[PDB]
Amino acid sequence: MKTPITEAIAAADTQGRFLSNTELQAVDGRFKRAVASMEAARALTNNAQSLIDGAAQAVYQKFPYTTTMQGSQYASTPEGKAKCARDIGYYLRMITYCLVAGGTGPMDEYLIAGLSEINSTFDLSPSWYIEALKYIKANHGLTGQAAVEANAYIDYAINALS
């Protein structure tokens, strides 16, 4: 899994070398940035339910047809709505993992790999999730470097969907 630490180790192991000061500085950067990351992770976790509930509705408002059109890919039934809220919770949970891990590894491994194939096979529109992520970015209520941290991964998800 991609983290500042595993990247440090992989780079050293590829050259069959012992870790150097070059690698250890990187890790220190990771430990120091942790304060703001853990701050963003906890906050998103505490307000998870409301961010998810608010994010789901923002999508239904932006794309009104997702609630009326017939088809299992739509949130026009109780199941569809449950699937949609579940997916959005998946995105949010992934972002707290990235914050906690200090890298995109969790999101890359559990969500982004195979993302295009899934949205294509099940006819799920990327613009739906992008709107959910934009809602979370605008309403997480974080400031300073904690916001910079959260936004970094939110935008990473958005770009992966673009």
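Numbering starts at 1 and follows the sequence shown.
- Remark: stretch with higher mean C-alpha B factor among 148-156 and 20-28 is 20-28.
- Just going by the entry, 116-124 versus 45-53 on mean CA temperature factor gives the higher value to 116-124.
- Within the listed group 101, 136, 94, 69, the record reports its top CA B-factor for 69.
- Annotation for residue 36: C-alpha temperature factor in the highest third relative to the rest of the modelled chain, per the entry.
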